[PDB]
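Colleague: Handing you this structure, nothing more for now.
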Amino acid sequence: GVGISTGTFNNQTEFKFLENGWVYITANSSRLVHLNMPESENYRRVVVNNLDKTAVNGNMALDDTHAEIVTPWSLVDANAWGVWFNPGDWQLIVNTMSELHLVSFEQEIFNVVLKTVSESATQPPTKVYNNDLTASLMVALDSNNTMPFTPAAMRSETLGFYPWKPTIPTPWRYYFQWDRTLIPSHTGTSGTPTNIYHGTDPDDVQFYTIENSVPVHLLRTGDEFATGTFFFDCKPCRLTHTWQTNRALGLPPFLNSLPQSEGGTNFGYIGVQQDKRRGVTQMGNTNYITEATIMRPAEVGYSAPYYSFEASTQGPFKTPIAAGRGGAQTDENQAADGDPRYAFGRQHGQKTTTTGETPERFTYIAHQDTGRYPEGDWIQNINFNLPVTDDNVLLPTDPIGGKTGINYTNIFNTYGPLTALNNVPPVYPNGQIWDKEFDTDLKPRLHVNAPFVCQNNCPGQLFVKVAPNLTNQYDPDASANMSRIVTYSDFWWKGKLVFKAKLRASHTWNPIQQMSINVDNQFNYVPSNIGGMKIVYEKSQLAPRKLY
Amino acid sequence: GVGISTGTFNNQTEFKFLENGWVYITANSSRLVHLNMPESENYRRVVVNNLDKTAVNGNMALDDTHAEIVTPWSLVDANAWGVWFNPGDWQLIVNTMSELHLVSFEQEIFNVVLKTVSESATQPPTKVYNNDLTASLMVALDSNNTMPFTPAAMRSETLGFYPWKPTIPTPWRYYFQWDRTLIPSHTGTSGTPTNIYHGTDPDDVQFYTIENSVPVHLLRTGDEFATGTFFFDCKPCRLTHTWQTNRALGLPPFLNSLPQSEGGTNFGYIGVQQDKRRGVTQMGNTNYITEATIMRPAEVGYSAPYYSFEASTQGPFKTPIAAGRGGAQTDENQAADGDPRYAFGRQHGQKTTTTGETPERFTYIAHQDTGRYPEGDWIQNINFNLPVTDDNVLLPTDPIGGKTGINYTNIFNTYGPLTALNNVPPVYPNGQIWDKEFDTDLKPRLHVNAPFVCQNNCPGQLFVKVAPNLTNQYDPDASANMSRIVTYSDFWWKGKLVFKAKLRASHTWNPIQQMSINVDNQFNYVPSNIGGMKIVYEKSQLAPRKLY
Amino acid sequence: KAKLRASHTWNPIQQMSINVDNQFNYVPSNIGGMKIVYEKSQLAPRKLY
């Protein structure tokens, strides 16, 4: 009713330990959510076409052209790690657990409050806020997944990461099919390469509305809404990283001479002439057995074209790759392709007391070693006569198509039946948690945005909207926009996300890497003297595991 | 109560498939409804008499004279296809179903909100809107059908067709008996033809009031009202059209010579002299057997006087006809009589962002071929001596009564015991769905406004009205109008309309006509960049069926 | 064994239809000539993601 609360605030994280070294992790998250009435009550079909940017030759990667349906609804999205875990919980999980299973997800809305704004227009302007006891909040749960899946973490538009900071939902919109052609060019390209927005293909038209597809609940101040528990069916997520490349698989060569003194100058030696060695190689016309040429069971990782842009009906898009560059761990400047870069605002980790629209950014450098170092690649002739002469070798410094800045590694692909790789690591706090699986006949082996992929279904998207609060002068047959009482809503959101994790064991004599507070990062985890908070990113696959 | 919702919004359409190829179609429709208090609380008896228009000789078809009772009540009418189906649902129904049965209808009112308007009269005028927690909405359901039946679709005044667009009811009024004489004239008629409103016949007086005939429910903000389910008893509606005229019934003549090469010049020939043929004709004094003269089982369609205006006690009215003109399908300009013309506003399909009072209009051209082409008719003498001479034939170009613009087809009637015809097709979105049957001893074989006709009864009309909100200065013995607090109501309406449809079968080698989105009509089914919507009309009897 | 399609969107979808242009692809000629022109099979869209 008017004066009775309809729910409870809970933002605790409970670790319930089982037998056999498993733990149930139930993350409770609660937020005060602020929602204004939509700018307009109508669905819009809006085309964006930044021709000015792409009209500059060589700027085709800056294409923003697209068509989207703008809806009056707002999306409540909790699909991001920072929503559910503070840094202490994350430290516990990543330091003490070896794998993580996504179990269930629940959410509810309670203590709904709706208010109207009255502006007096007095010479000193002033306004007052009145409770609208009979106004309603419209809530729709797309449990059948009829609406397009639009996870907000990819735009950094989920619920905020601070329990004591009120947050907002994000205005909902989804892609509307369009055709677009963009011929690539470079600086010094003569003329205007074709840069055209062709319109919409009628056979691909899909205009979705919430009202026609989803039951809509009207919540007054005394009402509440609960989704019920959803249970996931995803694969487990490892909290360890592999380090073994092809060079560290299997039995090392026997060393016939071992160092007799310590130091960095005292190496061992195999002690057998390279073409007089025993073992197996896939090179049937050579006698050289070396660490480079010896047969390995399969290939860890794969090379892919990097900063390749493929074009389809909707225009160019970057070719995604499964794993980040090799050597980025030793030199952060070499992260580049496959190392996800996250940009986010003050709701999601940026120091809350900073000013300006510039976001906080970081590039995630995963601990796993499944990537490539293209400067170390080469192709050489089948004859394999060593030392290889210039004409019999293709080096990463050899131009392709006459371009000094492009080599064969830029267009190289070694993905095959022997390729082995890992799933993407969780990115705390900004990374997405779960993602819907594509509805294609043949599905990708993984996603690059979330560790957990929903095979059959995962929870319906939650949509909210302030119900129209008409004045006395409404006229439906009038073309002009509806005249509404300025109305906004504050409601409380509570979610429960349950995981199942396995406690790690100590397999080696040595200790392993562990997340730790220290003198340098100390003040990333406590408020400033004026209450400024931040959440810096954390790694998740600290402990190694043996690949083979 | 004040802070508790009393219902749920639902605008989904569910198709539940049965055994034997039948489907239950349940259309859920929900609307926010805006209602101001009535202009006056009194019933009025108002006479309209546009003498200025009809005083012009030859304008008698423009007569608007009538008497009506103007009531303080408002009618909530959902009897129109656009209220229940969006274009996608309609496409599914008309492309995949062969017949449609009207099953049941339910409706309810919930989340009632009543507000008052306070105008400050400050030098910059301003107003504020307060909830009247104790005000009431008066709701009356004429389940016994005591009130006159006034379906709003004929005035294009039903609930709107957009779930996300708030709508309004229509002020209720009904006809009050009057006597009126209007002698027809033409331009150049001398003098003033008698054009008189005679008043009211006392034995025909019927003054209905809601309060004396219907229980009235007072709904406060915490109250709701449900009608209960009404079950129809109407005939099924076909979703196929017949094409066979009299000329395509039964066995065609045997062709004794068939074409030996393809092309439009290579016809077949019957190969028997016309007066030497075998078969049956109704022309007992001729030996000519032709496709025109051969006996057919009955007559498909009938000729009727067109733009005939008959006069009765209340003045002239146009003679209705069952089916539209023949040849209108090939040439839209020849639609004319029997092809219903719909005019409607921005609630009911007109582009919502257009401006001006000019309505959107279309003429429905039915696919059925039961009409007539009067320019092809003729009458000739019983002697039937061919080729018929001028004096022995009456042609559509022969003047009647000396008028060059009037021929015998204008006054012709071929309705008889051999006449066969079809029911009117559904008109999406603006067409009426169901209609009440006349209370005459002898009933019409069909209605021209709705495919489904209620034999015994169909649902009671739903009436709403803001209850009087008196100031402190009310004086019943004062002749001046009641002084009321400016009060209006917003309530939510939800209806459930259930159909039963049969899945169509493929009877022929060839495919049939099907409703489809294409490059030309593509943008009729999606919002504009500023949220403008429209609903264009659709046909409903696309697939053919064999008549005989 | 086939599943009946549902209408997921406000708009109608593409549908195979006889029209004035393709009409005579589906009936015999005056000398009995027949043809069978190809047809598409994935007319209705579905959301990938």
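Here, A, B, ... name the chains of the structure tokens in the order displayed, residue numbers run from 1 inside each chain, and ligands are numbered from 1 in the same displayed order.
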Please report as a list in words which residues of chain C come no farther than 10 Å from chain B, using only C-alpha atoms.
Modeller: residues 4, 5, 6, 7, 8, 9, 10, 11, 12, 13, 14, 15, 16, 17, 18, 19, 23, 24, 25, 26, 27, 29, 30, 31, 32, 33 and 36 of chain C
Colleague: Counting only C-alpha atoms, which residues of chain A come no farther than 6 Å from chain B, as a ChimeraX atom specification?
Modeller: /A:1-2,42-46,133-134,202,211-213,215-217,220-223,476-477,479
Colleague: To one decimal place in Å, what is the distance between CA of residue 225 in chain A and CA of residue 461 in chain A?
Modeller: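 So the two atoms, CA of residue 225 in chain A and CA of residue 461 in chain A, lie 13.9 Å apart.
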Colleague: Give the answer as one residue: which of A:226, A:140, A:100, A:294 has the shortest atom-to-atom distance to residue 493 in chain A, using only C-alpha atoms?
Modeller: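 Between A:226, A:140, A:100, A:294, the residue approaching residue 493 in chain A most closely is A:226.
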Colleague: Taking the DSSP secondary structure from the backbone, can you list the residues of range 59-215 of chain A that are helix (DSSP H, G or I), as a PDB file with N, CA, C and O atoms, in the first residue's frame?
Modeller:
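After the write, states10.pdb holds the following:
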```pdb
ATOM      1  N   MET A  60      37.398   5.244 -43.345  1.00  0.00           N
ATOM      2  CA  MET A  60      36.289   4.298 -43.420  1.00  0.00           C
ATOM      3  C   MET A  60      36.098   3.510 -42.128  1.00  0.00           C
ATOM      4  O   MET A  60      34.991   3.022 -41.878  1.00  0.00           O
ATOM      5  N   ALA A  61      37.138   3.374 -41.304  1.00  0.00           N
ATOM      6  CA  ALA A  61      36.977   2.692 -40.025  1.00  0.00           C
ATOM      7  C   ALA A  61      36.131   3.494 -39.042  1.00  0.00           C
ATOM      8  O   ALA A  61      35.711   2.945 -38.017  1.00  0.00           O
ATOM      9  N   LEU A  62      35.876   4.769 -39.325  1.00  0.00           N
ATOM     10  CA  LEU A  62      35.077   5.629 -38.464  1.00  0.00           C
ATOM     11  C   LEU A  62      33.596   5.615 -38.825  1.00  0.00           C
ATOM     12  O   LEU A  62      32.845   6.464 -38.339  1.00  0.00           O
ATOM     13  N   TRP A  81      30.135  -7.549 -14.319  1.00  0.00           N
ATOM     14  CA  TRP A  81      30.713  -8.050 -13.076  1.00  0.00           C
ATOM     15  C   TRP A  81      30.632  -7.013 -11.960  1.00  0.00           C
ATOM     16  O   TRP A  81      30.307  -7.348 -10.816  1.00  0.00           O
ATOM     17  N   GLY A  82      30.920  -5.749 -12.273  1.00  0.00           N
ATOM     18  CA  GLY A  82      30.913  -4.710 -11.257  1.00  0.00           C
ATOM     19  C   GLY A  82      29.580  -4.535 -10.562  1.00  0.00           C
ATOM     20  O   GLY A  82      29.536  -3.998  -9.453  1.00  0.00           O
ATOM     21  N   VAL A  83      28.488  -4.970 -11.192  1.00  0.00           N
ATOM     22  CA  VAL A  83      27.175  -4.856 -10.570  1.00  0.00           C
ATOM     23  C   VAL A  83      27.076  -5.752  -9.341  1.00  0.00           C
ATOM     24  O   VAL A  83      26.349  -5.436  -8.394  1.00  0.00           O
ATOM     25  N   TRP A  84      27.805  -6.866  -9.325  1.00  0.00           N
ATOM     26  CA  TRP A  84      27.591  -7.921  -8.346  1.00  0.00           C
ATOM     27  C   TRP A  84      28.717  -8.090  -7.338  1.00  0.00           C
ATOM     28  O   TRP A  84      28.476  -8.635  -6.263  1.00  0.00           O
ATOM     29  N   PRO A  87      35.614  -5.117  -5.032  1.00  0.00           N
ATOM     30  CA  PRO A  87      36.971  -5.659  -5.225  1.00  0.00           C
ATOM     31  C   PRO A  87      37.372  -6.735  -4.224  1.00  0.00           C
ATOM     32  O   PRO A  87      38.121  -7.643  -4.594  1.00  0.00           O
ATOM     33  N   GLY A  88      36.922  -6.663  -2.969  1.00  0.00           N
ATOM     34  CA  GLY A  88      37.281  -7.700  -2.010  1.00  0.00           C
ATOM     35  C   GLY A  88      36.720  -9.064  -2.374  1.00  0.00           C
ATOM     36  O   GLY A  88      37.435 -10.075  -2.339  1.00  0.00           O
ATOM     37  N   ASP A  89      35.436  -9.112  -2.737  1.00  0.00           N
ATOM     38  CA  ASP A  89      34.840 -10.364  -3.192  1.00  0.00           C
ATOM     39  C   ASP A  89      35.568 -10.893  -4.420  1.00  0.00           C
ATOM     40  O   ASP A  89      35.823 -12.097  -4.537  1.00  0.00           O
ATOM     41  N   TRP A  90      35.894 -10.003  -5.357  1.00  0.00           N
ATOM     42  CA  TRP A  90      36.589 -10.436  -6.563  1.00  0.00           C
ATOM     43  C   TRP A  90      37.962 -11.002  -6.235  1.00  0.00           C
ATOM     44  O   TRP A  90      38.384 -12.001  -6.828  1.00  0.00           O
ATOM     45  N   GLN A  91      38.692 -10.355  -5.323  1.00  0.00           N
ATOM     46  CA  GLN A  91      39.979 -10.892  -4.900  1.00  0.00           C
ATOM     47  C   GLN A  91      39.808 -12.297  -4.351  1.00  0.00           C
ATOM     48  O   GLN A  91      40.551 -13.214  -4.715  1.00  0.00           O
ATOM     49  N   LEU A  92      38.835 -12.480  -3.459  1.00  0.00           N
ATOM     50  CA  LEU A  92      38.606 -13.806  -2.897  1.00  0.00           C
ATOM     51  C   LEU A  92      38.364 -14.826  -4.004  1.00  0.00           C
ATOM     52  O   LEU A  92      38.998 -15.890  -4.039  1.00  0.00           O
ATOM     53  N   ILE A  93      37.476 -14.495  -4.941  1.00  0.00           N
ATOM     54  CA  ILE A  93      37.112 -15.435  -5.999  1.00  0.00           C
ATOM     55  C   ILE A  93      38.333 -15.795  -6.841  1.00  0.00           C
ATOM     56  O   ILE A  93      38.627 -16.973  -7.064  1.00  0.00           O
ATOM     57  N   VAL A  94      39.071 -14.783  -7.306  1.00  0.00           N
ATOM     58  CA  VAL A  94      40.136 -15.042  -8.273  1.00  0.00           C
ATOM     59  C   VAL A  94      41.367 -15.648  -7.607  1.00  0.00           C
ATOM     60  O   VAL A  94      42.153 -16.336  -8.267  1.00  0.00           O
ATOM     61  N   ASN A  95      41.571 -15.407  -6.310  1.00  0.00           N
ATOM     62  CA  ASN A  95      42.724 -15.979  -5.628  1.00  0.00           C
ATOM     63  C   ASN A  95      42.466 -17.382  -5.098  1.00  0.00           C
ATOM     64  O   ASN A  95      43.417 -18.162  -4.981  1.00  0.00           O
ATOM     65  N   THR A  96      41.218 -17.725  -4.772  1.00  0.00           N
ATOM     66  CA  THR A  96      40.933 -18.989  -4.107  1.00  0.00           C
ATOM     67  C   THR A  96      40.175 -20.003  -4.958  1.00  0.00           C
ATOM     68  O   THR A  96      40.050 -21.155  -4.532  1.00  0.00           O
ATOM     69  N   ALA A 152      23.803  -4.224 -22.309  1.00  0.00           N
ATOM     70  CA  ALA A 152      24.255  -2.851 -22.121  1.00  0.00           C
ATOM     71  C   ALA A 152      25.741  -2.741 -21.799  1.00  0.00           C
ATOM     72  O   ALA A 152      26.314  -1.661 -21.966  1.00  0.00           O
ATOM     73  N   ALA A 153      26.379  -3.821 -21.344  1.00  0.00           N
ATOM     74  CA  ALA A 153      27.790  -3.736 -20.978  1.00  0.00           C
ATOM     75  C   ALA A 153      28.656  -3.306 -22.156  1.00  0.00           C
ATOM     76  O   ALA A 153      29.698  -2.672 -21.959  1.00  0.00           O
ATOM     77  N   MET A 154      28.247  -3.630 -23.384  1.00  0.00           N
ATOM     78  CA  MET A 154      29.055  -3.267 -24.542  1.00  0.00           C
ATOM     79  C   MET A 154      29.054  -1.765 -24.802  1.00  0.00           C
ATOM     80  O   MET A 154      29.981  -1.263 -25.443  1.00  0.00           O
ATOM     81  N   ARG A 155      28.038  -1.045 -24.332  1.00  0.00           N
ATOM     82  CA  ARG A 155      28.028   0.412 -24.354  1.00  0.00           C
ATOM     83  C   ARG A 155      28.377   1.018 -23.001  1.00  0.00           C
ATOM     84  O   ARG A 155      28.347   2.243 -22.860  1.00  0.00           O
ATOM     85  N   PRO A 202      13.093  -4.755 -47.810  1.00  0.00           N
ATOM     86  CA  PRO A 202      11.778  -5.071 -47.225  1.00  0.00           C
ATOM     87  C   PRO A 202      11.695  -6.448 -46.592  1.00  0.00           C
ATOM     88  O   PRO A 202      10.999  -6.609 -45.583  1.00  0.00           O
ATOM     89  N   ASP A 203      12.376  -7.451 -47.147  1.00  0.00           N
ATOM     90  CA  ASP A 203      12.286  -8.795 -46.593  1.00  0.00           C
ATOM     91  C   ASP A 203      13.010  -8.931 -45.259  1.00  0.00           C
ATOM     92  O   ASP A 203      12.857  -9.962 -44.597  1.00  0.00           O
ATOM     93  N   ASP A 204      13.788  -7.931 -44.853  1.00  0.00           N
ATOM     94  CA  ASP A 204      14.499  -7.960 -43.582  1.00  0.00           C
ATOM     95  C   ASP A 204      13.872  -7.054 -42.529  1.00  0.00           C
ATOM     96  O   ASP A 204      14.450  -6.894 -41.450  1.00  0.00           O
ATOM     97  N   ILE A 210       7.208  -3.339 -27.589  1.00  0.00           N
ATOM     98  CA  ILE A 210       7.042  -4.021 -26.310  1.00  0.00           C
ATOM     99  C   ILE A 210       5.582  -4.405 -26.108  1.00  0.00           C
ATOM    100  O   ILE A 210       5.263  -5.528 -25.701  1.00  0.00           O
ATOM    101  N   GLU A 211       4.674  -3.477 -26.409  1.00  0.00           N
ATOM    102  CA  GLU A 211       3.267  -3.660 -26.068  1.00  0.00           C
ATOM    103  C   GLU A 211       2.653  -4.854 -26.788  1.00  0.00           C
ATOM    104  O   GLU A 211       1.772  -5.519 -26.235  1.00  0.00           O
ATOM    105  N   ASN A 212       3.097  -5.141 -28.013  1.00  0.00           N
ATOM    106  CA  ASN A 212       2.514  -6.232 -28.785  1.00  0.00           C
ATOM    107  C   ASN A 212       3.121  -7.590 -28.463  1.00  0.00           C
ATOM    108  O   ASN A 212       2.553  -8.612 -28.861  1.00  0.00           O
ATOM    109  N   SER A 213       4.246  -7.635 -27.750  1.00  0.00           N
ATOM    110  CA  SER A 213       4.977  -8.880 -27.549  1.00  0.00           C
ATOM    111  C   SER A 213       5.109  -9.306 -26.096  1.00  0.00           C
ATOM    112  O   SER A 213       5.299 -10.494 -25.837  1.00  0.00           O
TER     113      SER A 213
END
```
Colleague: Based on the backbone DSSP call, show me all residues of range 217-361 of chain B assigned strand (DSSP E or B), as number ranges by chain.
Modeller: B: 217-219, 225-226, 230-231, 237-238, 240-242, 257, 269, 281, 294, 299-300, 309-312, 315-318, 341-344, 360-361
Colleague: Report, in Å with one decimal, the straight-line distance from CA of residue 320 in chain B to CA of residue 54 in chain B.
Modeller: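 Separating CA of residue 320 in chain B from CA of residue 54 in chain B is a distance of 21.7 Å.
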Colleague: Rank nothing, just name the residue among A:472, A:543, A:283, A:199 nearest to residue 381 in chain A, using only C-alpha atoms.
Modeller: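 The closest residue to residue 381 in chain A is A:283.
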Colleague: Can you pull out the residues contacting residue 329 in chain A? Cut-off 9 Å, using only C-alpha atoms, and skip same-chain residues under 6 positions away; I want them as a PyMOL selection string.
Modeller: chain A and resi 335+365-367
Colleague: For residue 48 in chain A, work out the shell of residues within 9 Å, counting only C-alpha atoms and skipping chain neighbours fewer than 6 positions away, then give it as a ChimeraX atom specification.
Modeller: /A:64-68
Colleague: May I have the selected residues written with N, CA, C and O atoms, as a short mmCIF file (atom, residue, chain, number, x, y, z; two decimals), in the first residue's frame?
Modeller:
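Resulting contents of out_24.cif:
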```
data_model
loop_
_atom_site.label_atom_id
_atom_site.label_comp_id
_atom_site.auth_asym_id
_atom_site.auth_seq_id
_atom_site.Cartn_x
_atom_site.Cartn_y
_atom_site.Cartn_z
N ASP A 64 29.84 5.24 -38.77
CA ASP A 64 28.79 5.07 -37.77
C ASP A 64 27.42 4.84 -38.38
O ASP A 64 26.43 4.78 -37.65
N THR A 65 27.34 4.71 -39.70
CA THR A 65 26.05 4.61 -40.37
C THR A 65 25.28 3.41 -39.87
O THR A 65 25.83 2.31 -39.73
N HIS A 66 24.00 3.62 -39.59
CA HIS A 66 23.12 2.54 -39.17
C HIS A 66 21.71 3.09 -39.04
O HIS A 66 21.49 4.30 -39.01
N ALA A 67 20.75 2.17 -38.96
CA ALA A 67 19.37 2.50 -38.66
C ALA A 67 18.97 1.78 -37.38
O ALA A 67 19.33 0.62 -37.17
N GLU A 68 18.24 2.48 -36.52
CA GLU A 68 17.81 1.92 -35.25
C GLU A 68 16.38 2.37 -34.97
O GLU A 68 15.95 3.44 -35.40
#
```
